[PDB]
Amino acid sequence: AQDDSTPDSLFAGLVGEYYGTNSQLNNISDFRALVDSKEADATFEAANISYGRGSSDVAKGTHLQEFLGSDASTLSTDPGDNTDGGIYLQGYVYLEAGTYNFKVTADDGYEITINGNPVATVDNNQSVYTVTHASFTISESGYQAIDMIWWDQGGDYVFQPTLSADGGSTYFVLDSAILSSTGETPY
């Protein structure tokens, strides 16, 4: 919901922020502290949350643009170089009441929360790895609050957090079909 004097862009995606640093990102706490420490180095619309894979540091050159792919045309600016970097996404996702679970492929780590509750966590650096996370429940159909963090400490980078509504038989990417930046219906 609106919570200040600034009108908010309504689009079918999450509000994306990118942060770079020349310090080491080892875990979720490090990345969250980076987010807390300054304004975003760039903003974007996260409408197709399947990013990478690439090499040679997400925070260098045009690697962020390549990583974000179809979402990079919404970047507010082209960040300068850093050694380490990551993204913070926030907004809403339409989900019917029921049981769900994430399955996430990533390098490095990440955390996804729904309605404020962590539902997928990797609190460390890693080369590309896929985790099938534990199931969670949605009590009431509608737009659920969601946020994500992901980072790259260096090297390769990928982030694809897929969701299953059918007990792990099929999974889907979070994209413009169901995302909303504000919780209003995007057209």
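Sequential numbering from 1, following the sequence displayed.
The stretch with the higher mean CA B factor, choosing between 6 to 14 and 20 to 28, is 6 to 14. As the entry records it, the average C-alpha temperature factor is higher for 93 to 101, out of 69 to 77 and 93 to 101. Per the PDB record, 134 has a higher Cα B-factor than any other of 134, 146, 47, 158. Of all the options 43, 162, 141, 153, the entry's greatest CA B-factor is assigned to 141. The entry lists a Cα temperature factor for residue 82 that places it in the lowest third of the chain's modelled residues.
Ranked by C-alpha B-factor against the other modelled residues of its chain, residue 38 falls in the highest third.
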